[PDB]
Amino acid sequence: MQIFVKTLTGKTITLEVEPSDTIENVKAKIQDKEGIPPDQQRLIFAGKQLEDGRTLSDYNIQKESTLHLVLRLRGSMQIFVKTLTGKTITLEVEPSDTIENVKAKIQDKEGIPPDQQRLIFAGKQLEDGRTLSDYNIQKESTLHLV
């Protein structure tokens, strides 16, 4: 069975799915088609937000029926990456974003290798797996790099 996942720009993603599939599955599916990490994802059907564990059959969802994707991701966070050169790197972020993801942006933005990036906050080195949220980084917190 095909189903459709709609975004809030009306963009339609087609998936091949089975009744016995989970939402964890579908979110994971949507990650290839579209890159979106599952944590960001909500799926809505019949005005209900679907639970990861329960199956498509459970939600009485059918061939050619349409789910809606409503992401948790938000607008307006910025933070600062002070450097050895003096250079301040200003990063567009989401509290959700992992240190792992940051190292990665940082490489994106001005070309330094994460296996070499020593990210600090208030003197604490930074679990690539942990996130900004858990580290209690307010909008406009300033960080150091080594």
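So that there is no doubt, residue numbering starts at 1 and follows the sequence shown.
Colleague: Between 37-45 and 106-114, which has the larger average Cα B-factor in the PDB entry?
Modeller: Higher of the two, by average CA B-factor, is 106-114.
Colleague: Looking at the entry, does 135-143 or 2-10 show the higher mean C-alpha B-factor?
Modeller: Comparing averages over the C-alpha atoms only gives 135-143.
Colleague: Among the choices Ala28, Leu67, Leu91, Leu84, identify the one whose CA B-factor in the record is greatest.
Modeller: Highest C-alpha B-factor among the listed options: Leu84.
Colleague: Split the chain's modelled residues into thirds by Cα B-factor; is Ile79 in the lowest, middle or highest one?
Modeller: Within its chain, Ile79 is a middle-third residue by C-alpha B-factor, going by the deposited values.
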